[PDB]
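Comments concern the structure below.
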Amino acid sequence: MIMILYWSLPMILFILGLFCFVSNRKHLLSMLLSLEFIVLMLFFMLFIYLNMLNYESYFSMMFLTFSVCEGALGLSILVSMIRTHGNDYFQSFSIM
Amino acid sequence: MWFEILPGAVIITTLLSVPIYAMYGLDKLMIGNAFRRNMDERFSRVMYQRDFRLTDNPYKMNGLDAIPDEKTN
Amino acid sequence: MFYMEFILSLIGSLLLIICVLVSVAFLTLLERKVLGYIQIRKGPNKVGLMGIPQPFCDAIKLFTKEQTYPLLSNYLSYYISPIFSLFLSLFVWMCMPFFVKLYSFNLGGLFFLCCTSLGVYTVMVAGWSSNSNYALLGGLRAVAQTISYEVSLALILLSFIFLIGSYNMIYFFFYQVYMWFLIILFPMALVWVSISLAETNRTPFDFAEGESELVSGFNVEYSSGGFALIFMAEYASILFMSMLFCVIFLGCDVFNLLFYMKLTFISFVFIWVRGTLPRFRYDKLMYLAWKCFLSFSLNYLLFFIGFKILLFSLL
Amino acid sequence: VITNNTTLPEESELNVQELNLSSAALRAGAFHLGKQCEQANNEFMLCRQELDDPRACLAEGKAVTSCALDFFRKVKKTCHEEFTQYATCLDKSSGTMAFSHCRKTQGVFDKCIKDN
Amino acid sequence: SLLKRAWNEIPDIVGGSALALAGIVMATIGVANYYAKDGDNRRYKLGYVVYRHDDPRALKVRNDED
Amino acid sequence: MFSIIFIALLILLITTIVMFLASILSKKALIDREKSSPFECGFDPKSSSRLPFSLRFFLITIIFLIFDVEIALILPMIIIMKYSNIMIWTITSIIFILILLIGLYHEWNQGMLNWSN
Amino acid sequence: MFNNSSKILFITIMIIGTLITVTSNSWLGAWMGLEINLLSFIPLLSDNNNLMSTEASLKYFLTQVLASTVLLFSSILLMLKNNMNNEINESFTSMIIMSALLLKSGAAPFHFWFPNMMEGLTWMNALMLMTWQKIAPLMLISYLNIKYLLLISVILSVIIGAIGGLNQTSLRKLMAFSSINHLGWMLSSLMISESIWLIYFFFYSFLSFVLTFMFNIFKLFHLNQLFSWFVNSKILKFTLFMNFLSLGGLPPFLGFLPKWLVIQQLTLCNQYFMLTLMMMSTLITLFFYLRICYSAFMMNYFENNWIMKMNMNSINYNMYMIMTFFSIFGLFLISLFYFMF
Amino acid sequence: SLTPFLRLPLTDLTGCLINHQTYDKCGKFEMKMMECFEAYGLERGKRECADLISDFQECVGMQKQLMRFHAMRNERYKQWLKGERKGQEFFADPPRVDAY
Amino acid sequence: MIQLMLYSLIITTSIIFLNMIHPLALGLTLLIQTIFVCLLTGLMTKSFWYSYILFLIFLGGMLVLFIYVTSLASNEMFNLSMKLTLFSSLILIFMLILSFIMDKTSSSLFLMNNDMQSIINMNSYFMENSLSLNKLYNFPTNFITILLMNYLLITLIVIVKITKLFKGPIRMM
Ligand SMILES: COC1=C(OC)C(=O)C(C/C=C(\C)CC/C=C(\C)CC/C=C(\C)CC/C=C(\C)CC/C=C(\C)CC/C=C(/C)CC/C=C(\C)CC/C=C(\C)CCC=C(C)C)=C(C)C1=O
């Protein structure tokens with residue numbers, strides 16, 4: 001099928017990104033590491049679709065701007081994490 | 001005594017100028033043309049395909065002699 | 001024909017590689033002679049004939065000397081970091097404009113920005129891999145350098161780019177045919193050299209090495225093999241960045257001989273400055289980039305956005 | 001997408017004498033060539049834009065190539081030496097085949113064509 | 001005053017903003033000048049542009065000298 | 001590209017050979033428990049280098065991520081100046097650089113650009 | 001909008017973010033608005049005086065980031081196969097979009113994060129989360145037309161939303177489970193129309209807008225505090241708590257009218273079986289509301305006696321009393337409303 | 001394309017985000033189809049736009065043609081692996097580079 | 001051809017990335033992949049302009065998280081997994097074998113490279129990125145860029161407020 005010969009690989013890569021975002025690693029940063037991994041794969045598919053259009057790749061910039069802000073915001077929340085808990089370990093948070 | 005510096009500067013000046021003056025030499029010896037075609041624009045690339053097809057060598061030029069001189073009409 | 005074309009491209013890169021690798025050896029001698037003359041010293045004068053074979057006389061030692069296997073270092077990372085430091089130094093040369101084509105490189109100006117940023121990881125990984133207090137301080141002193149110069153670097157490149165119309169470096173030649181952009185861009189030339197120093201981590205911005213603050217910076221735990229490549233990779237950066245100043249502000253007549261008389265002179269300037277200024281303070285640089293340079297660079301984008309607009313109406 | 005009922009002209013019709021003249025040789029005569037075949041060119045290029053069917057502009061295309069081939073026969077008849085020097089220079093002077101370098105030899109040709 | 005304090009503390013932002021202010025001004029001249037010449041209609045066109053003699057655009061062909 | 005990748009590999013091989021020569025050409029002597037000890041001015045080290053290294057430019061560190069992503073939007077300017085509407089291009093570009101300056105001066109005045117103290 | 005000029009901004013940018021989503025004529029445009037909304041809420045939500053608040057700022061961020069990420073994943077996939085923002089016949093690719101949106105709003109199967117982040121929010125924060133943040137997600141689900149997936153969420157929402165709430169004593173955590181149930185009614189109202197949903201949402205926000213103030217004005221966070229809470233006139237305290245009954249949708253009060261119009265339309269559309277499970281499960285929701293009214297309906301209590309006085313903010317209380325009055329007498333104004341016909 | 005319920009002025013902001021109307025092989029194909037959606041409305045349009053949607057999808061998504069192409073290649077390989085072809089004459093004469 | 005080998009490597013590096021635990025091991029894996037994805041994207045496009053931008057953008061994020069990794073997760077451990085090295089190396093060669101015996105006219109992506117375009121396409125003879133990036137700064141889509149600007153500036157106000165610089169540095173107490 002068309003979807004299997006052309007769009008399978010990025011999707012299989014995407015789900016592997018999510019399975020990193022949920023696996024049990026001690027440090028919160030392990031979530032941030034896997035966060036921009038997924039974003040890297042989202043860019044890849046979005047770039048497939050935008051190129052089916054002849055001239056629409058400019059929207060890649062729009063996507064990248066929101067990619068950094070969620071990473072940048074994701075990093076700020078970690079900073080605020082440290083200065084109330086002292087450490088970023090997942091097991092240090094109240095389970096609720 | 002400021003002369004003693006110059007031997008250092010002469011060598012660096014010469015060595016860094018070897019490449020560009022070498023390829024200008026090699027291209028003439030090996031292409032027949034000093035400069036290689038510039039694939040900077042679609043039109044340049046397009047025509048480069050055209051030359052590579054006709055003569056089977058993009059750097060061998062096909063002057064008027066390739067034109068069929070006469071037509072019997 | 002086409003099959004032959006790429007063969008020549010290989011030769012050019014190899015020719016450019018060996019020539020750059022040779023020059024950085026002779027640059028190090030030139031650094032010692034010139035820095036030995038600004039100081040009232042004589043400089044290396046005995047070895048061989050009049051000191052010319054000095055840098056080769058040192059390349060022997062740094063390779064007949066044993067590797068160091070630090071006890072607390074992640075050895076594979078510690079062992080590989082020199083490779084990529086040298087590789088990234090040589091690799092960035094493939095974008096240097098030639099009218100005798102070597103690589104097309106539309107968007108060559110960007111390719112500069114990507115490659116120069118990579119040079120920080122090699123310092124960064126080497127310092128952390130060494131697993132020594134000073135080495136780590138050197139690495140994190142180098143990263144903070146990037147946080148400062150990186151943003152202002154792009155903006156200042158953009159100003160030059162507006163003048164030429166494209167990111168292809170070749171166009172610098174055509175626009176600098178009557179005069180030199182140095183005249184139009186005098187403060188940027190002066191600013192650009194300042195950022196160029198940060199790129200190569202030189203006095204007055206010598207923080208990665210950090211000599212006399214850190215014992216030897218991120219190099220403190222390297223020896224014969226690794227340290228040599230770190231050194232050569234350092235001076236390859238100076239040589240290129242000096243050239244990149246010559247293509248932007250000084251004509252960019254790559255096929256003329258004088259261009260290489262100019263290139264060495266800017267290399268002399270880099271040594272000249274090292275023998276004049278004391279090192280900045282680790283924070284004063286980061287404040288300098290954000291408080292002054294970034295604001296300065298943005299101000300002229302308006303000046304050149306207006307000037308290009310005004311010039312566009314006339315032409 | 002092409003099916004049996006779609007009508008393509010037969011092979012014999014598409015055959016026609018072609019230039020087969022390299023890039024540098026073409027760029028040499030560009031400015032003098034253009035002033036002559038403009039009537040055919042504009043007629044051909046106009047239809048191709050409004051009407052985007054290659055088979056529809058088949059007739060006009062043959063006019064364009066004939067005019068080009070017609071021009072060079074004249075050049076072959078008179079300025080053969082000069083044109084080759086201009087083309088050779090234009091080819092071997094820069095990687096872009098820019099006109100800005102070969103102004104001198106260009107002058108030699110322009111005087112040949114305006115005297116003949 | 002204010003002018004003095006900045007001119008003494010951060011002279012670059014004053015000089016830099018002085019040229020920045022120059023950009024807006026001579027950007028306002030050039031932009032107005034652009035539509036004072038009808039520069040949307042440019043005598044040299046990218047691509048091979050051919051009009052019919054009856055097309056409305058065919059009237060607006062900018063007629064220049066060189 | 002494909003030309004550049006090949007030379008990228010070829011260079012990497014060449015530079016790799018250089019230490020592979022150095023590793024053999026290097027004089028070889030028995031490694032001592034002290035020879036491979038870290039360097040910390042000749043006195044044994046109190047603290048591993050892998051302890052948490054405090055940070056003071058964290059705030060600038062985040063601002064650096066942002067300011068770059070606006071470099072992605074200024075760079076295309078030149079490329080599309082010949083092809084765009086001059087009012088839209090002129091207006092938008094200016095209110096792009098004023099926004100950046102205003103943001104910078106705002107934080108500079110608020111003292112965020114200064115390091116943690 | 002309580003402390004500094006900065007809080008004023010984040011509130012507005014939240015409004016802009018939500019509006020961009022619900023006014024966007026394409027998935028990609030809609031997704032952008034969600035990102036705008038994301039960072040408008042976090043700074044409002046994070047306060048370092050509380051060890052709990054920063055934890056709340058986390059769970060929301062990880063959940064929402066994943067939701068928008070998966071949401072964008074499917075939207076790209078959706079128009080990779082159809083080449084349109086719309087799918088002619090709904091299939092799996094459209095289901096995936098629905099799953100993300102439900103998680104974005106904390107519907108039943110993916111609600112877990114939602115109560116578990118309510119421990120460390122101020123009351124004014126919970127209102128922004130409970131009411132406004134559910135606009136953009138639920139409003140996009142109106143575009144997608146999968147029945148069974150949407151239907152399953154309703155059935156689980158009312159069930160999990162009710163049974164879970166019986167065991168809580170923290171009012172903030174209790175209201176979360178209460179809000180999950182009302183969310184179930186929306187999605188049920190969303191497979192039939194939107195005008196009902198728009199009406200029903202407005203009333204739901206109205207009641208929650210009221211109950212939040214009463215806790216917010218008197219800073220109550222636990223059931224025990226209700227009994228210890230001091231009021232001059234036990235008649236007054238008795239009447240304030242009569243808003244819970246409206247939140248339970250009892251017909252003598254205004255809070256039933258919303259439930260009522262959702263049944264007159266679901267029944268009109270023959271969804272009889274759904275209403276049985278929903279309306280029946282609402283009783284359990286009505287239960288723990290009465291557990292709160294234990295502190296009001298009985299009206300002589302053993303209370304601590306180091307307070308004789310009520311200290312309350314005027315403007316909040318001034319607006320709260322007005323809102324409460326309609327919450328008890330708002331039924332006779334159904335004549336005026338002309339949005340149901 | 002989706003229809004916002006709100007349709008406040010904000011929709012003007014993001015309406016023209018992604019389109020096919022800028023120098024595309026399917027610019028005319030989509031305008032007809034989407035026009036028909038405007039004439040009949042969204043829900044009813046999905047039942048009257050059978051041709052326009054299929055044509056537009058076969059112009060952008062191109063599945064209909066790519067999925068012809070593999071049938072040709074696979075059927076070329078199937079013949080050879082069955083011995084019905086030969087190694088010497090596996091492929092047809094290639095097209096001229098200066099074409100397409 | 002290298003496109004398939006790029007497919008193999010991006011898959012291979014993703015398998016291991018699922019198994020990294022040490023944050024720097026994750027970072028090195030991610031950095032390597034950011035190179036390949038950047039390379040791969042430019043294959044199926046009229047220019048590599050976006051690969052340059054993407055590469056530049058992510059490298060900014062690469063440095064910053066090392067600064068925080070070196071402050072938060074400094075003391076952690078690696079473990080060479082002989083299961084992993086064999087598994088990746090086993091499949092990697094296996095995948096590389098297929099790419100040599102693949103009908104790699106079929107595997108090529110249908111997206112039109114610049115050369116894949118016709119010769120008649122008049123719009124393909126302009127600057128490499130003129131048209132594509134054009135309407136990023138023309139009516140009406142320009143307002144989207146403007147909207148980002150506030151969004152980015154408003155973000156710049158969010159970090160300082162979340163961060164609360166004045167209450168100290170960051171240490172992994
Ligand atoms: C007392 O107060 C003071 C201080 O306080 C302590 C100071 O710190 C200082 C500090 C001074 C400085 C920082 C000065 C700058 C110097 C340094 C940072 C480091 C010192 C080293 C140098 C200057 C030497 C420079 C060169 C290197 C380090 C090596 C670089 C690598 C090189 C040259 C190799 C290049 C590669 C090539 C292929 C070139 C061509 C061929 C060869 C080399 C091959 C050689 C031989 C063979 C292959 C054998 C073949 C044989 C056969 C076939 C038979 C001063 C001055 C001071 O006064």
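Here, A, B, ... name the chains of the structure tokens in the order displayed, residue numbers run from 1 inside each chain, and ligands are numbered from 1 in the same displayed order.
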Tell me as a PDB file with C-alpha atoms, in the first residue's frame which residues belonging to chain E come within 10 Å of chain I, counting only C-alpha atoms.
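Final output, saved to result20.pdb:
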ATOM      1  CA  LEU E  46      11.051  37.178 -14.146  1.00  0.00           C
ATOM      2  CA  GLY E  47      10.155  34.435 -16.598  1.00  0.00           C
ATOM      3  CA  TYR E  48       8.898  34.700 -20.158  1.00  0.00           C
TER       4      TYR E  48
END
Show me which residues sit within 9 Å of ligand 1 when counting only C-alpha atoms and all ligand atoms, and put them as a PyMOL selection string. chain C and resi 18+21-29+31-32+35-36+54-62+211-212+227-233+235
Please, could you write that set of residues out with N, CA, C and O atoms as a short mmCIF file (atom, residue, chain, number, x, y, z; two decimals), in the first residue's frame?
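Ended up saving to selection_32.cif:
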data_model
loop_
_atom_site.label_atom_id
_atom_site.label_comp_id
_atom_site.auth_asym_id
_atom_site.auth_seq_id
_atom_site.Cartn_x
_atom_site.Cartn_y
_atom_site.Cartn_z
N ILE C 18 45.08 18.99 2.93
CA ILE C 18 46.50 18.92 3.25
C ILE C 18 47.09 20.32 3.32
O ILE C 18 47.98 20.59 4.14
N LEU C 21 45.98 21.78 6.61
CA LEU C 21 46.67 21.09 7.69
C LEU C 21 48.12 21.53 7.78
O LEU C 21 48.68 21.65 8.87
N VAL C 22 48.76 21.73 6.63
CA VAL C 22 50.13 22.22 6.62
C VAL C 22 50.19 23.65 7.15
O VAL C 22 51.07 23.99 7.94
N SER C 23 49.26 24.50 6.72
CA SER C 23 49.32 25.90 7.09
C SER C 23 49.16 26.09 8.60
O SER C 23 49.85 26.93 9.19
N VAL C 24 48.26 25.34 9.22
CA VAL C 24 48.07 25.49 10.67
C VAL C 24 49.34 25.13 11.41
O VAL C 24 49.60 25.65 12.51
N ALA C 25 50.16 24.24 10.86
CA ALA C 25 51.47 23.99 11.44
C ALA C 25 52.34 25.24 11.34
O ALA C 25 52.96 25.65 12.32
N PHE C 26 52.39 25.86 10.16
CA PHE C 26 53.20 27.06 9.99
C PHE C 26 52.56 28.28 10.63
O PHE C 26 53.28 29.23 10.95
N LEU C 27 51.24 28.29 10.80
CA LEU C 27 50.62 29.37 11.56
C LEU C 27 51.12 29.38 12.99
O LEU C 27 51.38 30.44 13.56
N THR C 28 51.25 28.20 13.59
CA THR C 28 51.69 28.13 14.97
C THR C 28 53.09 28.70 15.12
O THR C 28 53.39 29.37 16.11
N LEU C 29 53.97 28.43 14.15
CA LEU C 29 55.26 29.09 14.15
C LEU C 29 55.09 30.60 14.05
O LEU C 29 55.67 31.36 14.84
N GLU C 31 52.65 32.43 14.87
CA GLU C 31 52.16 32.93 16.15
C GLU C 31 53.31 33.13 17.12
O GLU C 31 53.35 34.13 17.85
N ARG C 32 54.26 32.20 17.15
CA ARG C 32 55.34 32.30 18.12
C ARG C 32 56.34 33.38 17.73
O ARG C 32 56.84 34.10 18.60
N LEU C 35 54.25 36.89 18.10
CA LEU C 35 54.08 37.10 19.53
C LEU C 35 55.42 37.22 20.23
O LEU C 35 55.49 37.82 21.31
N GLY C 36 56.47 36.67 19.65
CA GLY C 36 57.80 36.87 20.17
C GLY C 36 58.43 38.18 19.80
O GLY C 36 59.43 38.56 20.41
N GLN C 54 60.45 24.61 12.97
CA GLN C 54 60.04 24.44 14.36
C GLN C 54 58.74 23.67 14.51
O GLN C 54 58.71 22.69 15.27
N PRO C 55 57.64 24.04 13.83
CA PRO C 55 56.38 23.34 14.12
C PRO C 55 56.44 21.87 13.79
O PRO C 55 55.83 21.05 14.50
N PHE C 56 57.17 21.49 12.74
CA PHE C 56 57.36 20.07 12.47
C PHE C 56 58.16 19.43 13.59
O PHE C 56 57.89 18.30 13.99
N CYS C 57 59.16 20.15 14.11
CA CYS C 57 59.97 19.63 15.19
C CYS C 57 59.17 19.40 16.46
O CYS C 57 59.64 18.69 17.35
N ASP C 58 57.98 19.99 16.56
CA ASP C 58 57.08 19.72 17.67
C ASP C 58 56.08 18.62 17.37
O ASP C 58 55.71 17.87 18.28
N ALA C 59 55.64 18.50 16.12
CA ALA C 59 54.71 17.43 15.77
C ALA C 59 55.33 16.06 16.01
O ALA C 59 54.60 15.08 16.21
N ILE C 60 56.65 15.96 15.99
CA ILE C 60 57.30 14.71 16.34
C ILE C 60 57.01 14.36 17.79
O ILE C 60 56.62 13.23 18.11
N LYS C 61 57.20 15.33 18.68
CA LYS C 61 57.12 15.05 20.11
C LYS C 61 55.71 14.65 20.51
O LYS C 61 55.51 13.68 21.25
N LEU C 62 54.71 15.39 20.04
CA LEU C 62 53.35 15.15 20.49
C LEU C 62 52.81 13.82 20.02
O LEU C 62 51.69 13.46 20.40
N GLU C 211 43.55 29.79 30.64
CA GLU C 211 44.88 29.69 31.22
C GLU C 211 45.06 30.71 32.33
O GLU C 211 44.78 31.90 32.16
N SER C 212 45.54 30.23 33.48
CA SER C 212 45.81 31.00 34.69
C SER C 212 44.55 31.26 35.50
O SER C 212 44.65 31.87 36.57
N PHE C 227 45.67 15.68 22.56
CA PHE C 227 45.92 17.10 22.73
C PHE C 227 46.37 17.74 21.43
O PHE C 227 46.02 18.89 21.14
N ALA C 228 47.16 17.02 20.63
CA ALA C 228 47.63 17.58 19.37
C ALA C 228 46.46 17.95 18.47
O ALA C 228 46.38 19.08 17.97
N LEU C 229 45.54 17.01 18.26
CA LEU C 229 44.40 17.28 17.38
C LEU C 229 43.56 18.42 17.92
O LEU C 229 43.05 19.24 17.15
N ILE C 230 43.38 18.49 19.24
CA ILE C 230 42.69 19.62 19.82
C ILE C 230 43.40 20.91 19.46
O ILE C 230 42.77 21.93 19.15
N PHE C 231 44.73 20.89 19.48
CA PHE C 231 45.48 22.09 19.15
C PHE C 231 45.31 22.47 17.69
O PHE C 231 44.99 23.62 17.37
N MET C 232 45.52 21.51 16.78
CA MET C 232 45.39 21.81 15.36
C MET C 232 43.98 22.28 15.03
O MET C 232 43.79 23.24 14.28
N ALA C 233 42.97 21.61 15.59
CA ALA C 233 41.60 22.03 15.37
C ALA C 233 41.38 23.45 15.83
O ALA C 233 40.55 24.17 15.27
N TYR C 235 43.69 26.02 15.72
CA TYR C 235 44.27 26.97 14.80
C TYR C 235 43.69 26.88 13.40
O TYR C 235 43.82 27.83 12.63
#
Would you list the contacts of residue 298 (chain C) as a list in words, taking every protein, DNA or RNA residue within 8 Å and counting only C-alpha atoms, but skipping same-chain residues closer than 4 positions in sequence? residues 155, 294 and 302 of chain C; 97 and 101 of chain F
Save out the residues we just selected, C-alpha atoms, as an mmCIF file, in the first residue's frame.
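To be explicit, this is the file written out as out.cif:
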data_model
loop_
_atom_site.group_PDB
_atom_site.id
_atom_site.type_symbol
_atom_site.label_atom_id
_atom_site.label_comp_id
_atom_site.auth_asym_id
_atom_site.auth_seq_id
_atom_site.Cartn_x
_atom_site.Cartn_y
_atom_site.Cartn_z
ATOM 1 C CA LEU C 155 22.209 38.801 13.219
ATOM 2 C CA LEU C 294 22.566 42.084 20.330
ATOM 3 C CA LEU C 302 16.551 48.563 10.498
ATOM 4 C CA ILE F 97 12.690 43.956 15.064
ATOM 5 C CA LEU F 101 14.285 45.130 20.925
#
Select residues of chain B: the criterion is any atom within 6 Å of an atom of chain D, counting only C-alpha atoms; output as JSON, numbers by chain. {"B": [33, 35, 36, 37, 38, 51, 61, 62, 63]}
Spatial neighbours of region 51-57 of chain H, 10 Å, only C-alpha atoms, chain gap at least 4 places, as a ChimeraX atom specification: /G:81-84,88 /H:26-37,45-46,61-64
If you keep N, CA, C and O atoms, can you produce a file of those selected residues as a compact mmCIF listing (two decimals), in the first residue's frame?
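The resulting file, result_39.txt, is reproduced below:
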# COMPACT_ATOMS: atom_id res chain seq x y z
N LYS G 81 -4.12 11.00 3.91
CA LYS G 81 -4.92 10.04 3.17
C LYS G 81 -6.11 10.66 2.46
O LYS G 81 -6.48 10.21 1.38
N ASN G 82 -6.73 11.68 3.05
CA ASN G 82 -7.90 12.32 2.46
C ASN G 82 -7.56 13.60 1.73
O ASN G 82 -8.29 13.98 0.81
N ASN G 83 -6.48 14.28 2.10
CA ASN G 83 -6.08 15.55 1.52
C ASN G 83 -7.08 16.66 1.82
O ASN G 83 -7.06 17.70 1.17
N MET G 84 -7.96 16.45 2.80
CA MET G 84 -8.92 17.44 3.23
C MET G 84 -8.89 17.52 4.75
O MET G 84 -8.54 16.56 5.43
N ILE G 88 -14.48 11.97 4.64
CA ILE G 88 -15.79 11.71 4.05
C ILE G 88 -16.56 10.70 4.89
O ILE G 88 -17.73 10.89 5.21
N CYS H 26 -3.10 21.32 -8.81
CA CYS H 26 -4.46 21.04 -8.38
C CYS H 26 -5.20 22.29 -7.95
O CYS H 26 -6.22 22.19 -7.26
N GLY H 27 -4.71 23.47 -8.32
CA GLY H 27 -5.40 24.68 -7.93
C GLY H 27 -6.81 24.75 -8.48
O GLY H 27 -7.76 25.06 -7.76
N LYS H 28 -6.96 24.46 -9.77
CA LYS H 28 -8.29 24.48 -10.38
C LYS H 28 -9.14 23.31 -9.91
O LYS H 28 -10.36 23.45 -9.79
N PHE H 29 -8.52 22.16 -9.66
CA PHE H 29 -9.30 21.00 -9.22
C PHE H 29 -9.96 21.25 -7.88
O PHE H 29 -11.10 20.85 -7.66
N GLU H 30 -9.25 21.90 -6.95
CA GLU H 30 -9.81 22.12 -5.63
C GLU H 30 -10.85 23.23 -5.65
O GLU H 30 -11.85 23.16 -4.93
N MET H 31 -10.61 24.27 -6.44
CA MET H 31 -11.54 25.40 -6.44
C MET H 31 -12.93 24.95 -6.85
O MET H 31 -13.92 25.35 -6.23
N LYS H 32 -13.03 24.11 -7.88
CA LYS H 32 -14.32 23.57 -8.27
C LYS H 32 -14.95 22.79 -7.13
O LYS H 32 -16.10 23.03 -6.75
N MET H 33 -14.19 21.84 -6.56
CA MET H 33 -14.74 20.98 -5.52
C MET H 33 -15.23 21.79 -4.34
O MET H 33 -16.40 21.69 -3.93
N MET H 34 -14.35 22.60 -3.79
CA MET H 34 -14.65 23.39 -2.61
C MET H 34 -15.74 24.41 -2.86
O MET H 34 -16.54 24.71 -1.97
N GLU H 35 -15.75 24.99 -4.05
CA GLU H 35 -16.91 25.74 -4.47
C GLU H 35 -18.19 24.93 -4.30
O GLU H 35 -19.15 25.40 -3.69
N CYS H 36 -18.21 23.71 -4.82
CA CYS H 36 -19.43 22.92 -4.71
C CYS H 36 -19.81 22.72 -3.25
O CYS H 36 -21.00 22.68 -2.93
N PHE H 37 -18.83 22.61 -2.36
CA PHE H 37 -19.14 22.55 -0.94
C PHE H 37 -19.84 23.82 -0.48
O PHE H 37 -20.79 23.77 0.31
N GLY H 45 -22.90 18.62 0.79
CA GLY H 45 -21.86 18.61 -0.22
C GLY H 45 -21.14 17.28 -0.31
O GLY H 45 -20.73 16.87 -1.40
N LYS H 46 -20.99 16.59 0.81
CA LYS H 46 -20.30 15.30 0.80
C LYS H 46 -21.03 14.27 -0.04
O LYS H 46 -20.43 13.24 -0.39
N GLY H 61 -3.29 13.59 -3.45
CA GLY H 61 -2.86 12.36 -2.81
C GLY H 61 -2.18 11.41 -3.77
O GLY H 61 -1.25 10.69 -3.39
N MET H 62 -2.63 11.39 -5.02
CA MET H 62 -1.98 10.66 -6.10
C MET H 62 -1.94 9.17 -5.84
O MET H 62 -1.24 8.44 -6.55
N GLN H 63 -2.70 8.68 -4.85
CA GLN H 63 -2.68 7.26 -4.55
C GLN H 63 -3.10 6.44 -5.75
O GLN H 63 -2.60 5.34 -5.97
N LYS H 64 -4.01 6.98 -6.55
CA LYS H 64 -4.60 6.21 -7.63
C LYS H 64 -3.56 5.88 -8.69
O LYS H 64 -3.65 4.85 -9.35
Mind checking which residues fall within 8 Å of residue 17 (chain A), counting only C-alpha atoms, ignoring those fewer than 6 positions away in the same chain, and posting them as a short mmCIF file (atom, residue, chain, number, x, y, z; two decimals) with N, CA, C and O atoms, in the first residue's frame?
data_model
loop_
_atom_site.label_atom_id
_atom_site.label_comp_id
_atom_site.auth_asym_id
_atom_site.auth_seq_id
_atom_site.Cartn_x
_atom_site.Cartn_y
_atom_site.Cartn_z
N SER A 34 12.99 12.83 25.55
CA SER A 34 12.09 12.18 24.62
C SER A 34 11.06 13.14 24.03
O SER A 34 10.45 12.82 23.01
N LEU A 35 10.85 14.30 24.66
CA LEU A 35 9.86 15.23 24.14
C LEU A 35 10.26 15.75 22.76
O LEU A 35 9.50 15.61 21.80
N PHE A 37 12.46 14.49 20.87
CA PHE A 37 12.55 13.39 19.93
C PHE A 37 11.26 13.25 19.14
O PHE A 37 11.28 13.10 17.91
N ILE A 38 10.13 13.29 19.83
CA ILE A 38 8.85 13.16 19.14
C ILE A 38 8.66 14.34 18.20
O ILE A 38 8.24 14.18 17.05
N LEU I 18 15.07 3.90 22.34
CA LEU I 18 14.08 3.40 23.27
C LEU I 18 14.72 2.78 24.50
O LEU I 18 14.06 2.69 25.55
#
